[PDB]
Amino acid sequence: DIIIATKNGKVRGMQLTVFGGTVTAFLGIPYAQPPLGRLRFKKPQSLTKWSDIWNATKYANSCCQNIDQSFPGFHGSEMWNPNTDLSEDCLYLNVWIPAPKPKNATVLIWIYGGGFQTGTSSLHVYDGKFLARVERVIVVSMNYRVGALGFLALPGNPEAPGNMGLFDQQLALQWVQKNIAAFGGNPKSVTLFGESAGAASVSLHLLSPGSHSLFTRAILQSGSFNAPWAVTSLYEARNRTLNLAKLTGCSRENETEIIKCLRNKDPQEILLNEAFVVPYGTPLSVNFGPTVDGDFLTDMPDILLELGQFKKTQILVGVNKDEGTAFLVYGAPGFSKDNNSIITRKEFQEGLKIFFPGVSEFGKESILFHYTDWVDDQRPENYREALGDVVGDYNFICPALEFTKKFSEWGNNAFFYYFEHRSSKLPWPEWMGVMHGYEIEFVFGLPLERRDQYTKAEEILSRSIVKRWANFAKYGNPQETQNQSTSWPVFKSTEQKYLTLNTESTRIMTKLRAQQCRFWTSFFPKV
C-alpha cells in the first residue's frame, strides 16, 4: 500500500509490474470542482479539501463528447473513442511515478488531442507507465472539457467566456506545481507534450501568461495554434453560440438568460446540435475551440507569435509523413479504408470542395494547380496522394513549420522531426501511409512491450524516441548520446534542418515541404 498526502487530502495508488520493475499509478485524482449545475460553461473552480483517502485506483469519467461511429467494430477508429463513462463530472488527472519513489524527477504532462471535440486521458496509447518505468520520469495526464461544454464563447461574459477547456488544463498544471513534489517530482522540471489539438493546446500555453510559470519546456506533435482549425475568431464563436441557442430553443435577448437556458438543457441535446452551428463543415471541423477570450489569450495569437510575445524556452516540434490521409475517408468521394481509393481528376476536384467549402473557385483551382504538376501523369494514384498531401500540408505540416520558424527567430533552441515509420500493427490500409496520430504509441513506448507483436526494429525506434523525448524534457536537448545515434541539430530559420525518424536510416534533411508551404503560408491566406 502506498498513500501520498496532497494539499487537498490523501490519495491511494496502485502498483504495476512493468518490465520486471514497479510503477505506482494514481488514476483519477480530481483537480477541480465538478463543473455541474450552475458551473456548466464557467471556468473551473478550485477543489475543496477532503479528509478521507481518495482511491485513485481507476481511470475517471471521460468528459461529454460525440463519438466517431463511422466504422463500428474497427479498431483503427475505435481505439480513439472514450474508454470510460462519459460525464460532465470529468475534471480528473493521472500520475505515474517510478518505484521506488524518485527524489526529484522531471515531469511530463500529456495533453490529448481530438479536435477540441473529443479525447480522453485514459486511452491505451496514452499509458504513461512505460515512460515512468524506463526513463524514471513522472507522467501526468488530465481530462479537460471539449466541444461546446469546453469552448462555448460569449465575449467577456463570465457565464460562458470561452476557453474553459484550456483553463481546465491550466488548473491541472497548477495542481502539478503545488503537489508533484509529494510524489517525488520536480515542479521546476515540467515538460508539456501533446498531439494534434493537444499540441495546439501546448502552443497556446506558451502564449498564455497565466501558464508561463507552470512549466519549463514544450513538445508539439502534429499540431500548433496557427493551424487553420485551431483558433476561432470572436465573431464566429459568438455566431456559433447563438446558432446553438436557436437549435436548442434558447434564443433570448438578454445573453445571460441564453446561458441559463443552455444550462438547463441535457448534455445530449447540446451535443447533437454542435455539428449544425456551422453552415458547411468538414472532417476537420472544430465547431467549438479556443478563442481570443481576453483572459487565457490577451490578443490574437498570430500577432503574439510574430512580435515575440511568448514564453522563451526550448521546443521540440514535428509532424508525420501522411498527416492528411486519415480525414479523406471521412467524406472525400471515391475513398475507402477497404479499397485502394484510386480517384479521378474529377473526384479530386470534388474532394477539394469537401475540404475547402467556403473557398472561391479561384482558391480551389489554385490548390489544384500547385498539386497536379505530375512527375508522371500516367501514375494511377496521383490524385489520391495529392489530396492526402493537400489536407496534410495545409492543416498540420506547414503550420508546424511556420510555428517553428517564428518561435526560433527569437533566439530559442528548436528541434524539428519528420516521423516516417508506418506501424507494423496499424489497422488502416497501406495507401494511408504514416497516419496522423500514429507516432503516439512510439512516444509512449508501447513497442517496448515484447508481448505486443511489434517488430524488433520498432522496439529499437521506440526506445530511441523515448530517450530523445526524455533527454529533451530533462535537459532541453533531444539527443541519444550512447548508441552512436545521429545528432539532432537545432532548427534555425535560415537552414531549417530537421531529423527523420524511421526504423532504417535516421537522417538530417533541410527545408521540409519547401515549395508546398510557400503556397500555403504566403499565397493561400490571400485567397
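When you see a residue number, it is the position in the sequence shown, counting from 1. Here the rigid core means the biggest group of C-alpha atoms that line up within 1.5 Å when the two forms are laid on top of each other.
With each structure aligned by its rigid core, the stretch whose Cα atoms sit farther from this model in 9 other deposited structures of this protein, between 279-287 and 222-230, is 279-287. Taking the rigid core as the alignment reference, the C-alpha atoms of 233-241 lie farther on average from the displayed form in 9 other deposited structures of this protein than those of the other stretch among 319-327 and 233-241. Modelling of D377 is missing from a third or more of the other compared entries in which both of its neighbours are modelled.
Higher mean CA temperature factor, per the PDB entry, when comparing 344-352 with 413-421: 344-352. Set 248-256 against 305-313 and average the Cα temperature factors; 248-256 ends up higher. Out of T84, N273, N395, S208, it is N273 whose C-alpha atom has the highest B-factor in the PDB entry. Of the candidates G388, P155, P228, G289, the deposited coordinates give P155 the top C-alpha B factor.
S46: CA B factor lies in the highest third for its chain, per the PDB record.
When all modelled residues of the chain are sorted by CA temperature factor, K58 is found within the highest third.
Sorting the modelled residues of the chain by their CA temperature factor places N186 in the middle third.
Per the deposited record, the Cα B-factor of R468 falls in the lowest third when ranked against the other modelled residues of its chain. Looking at the C-alpha B-factors along this chain, the one for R40 belongs to the middle third.
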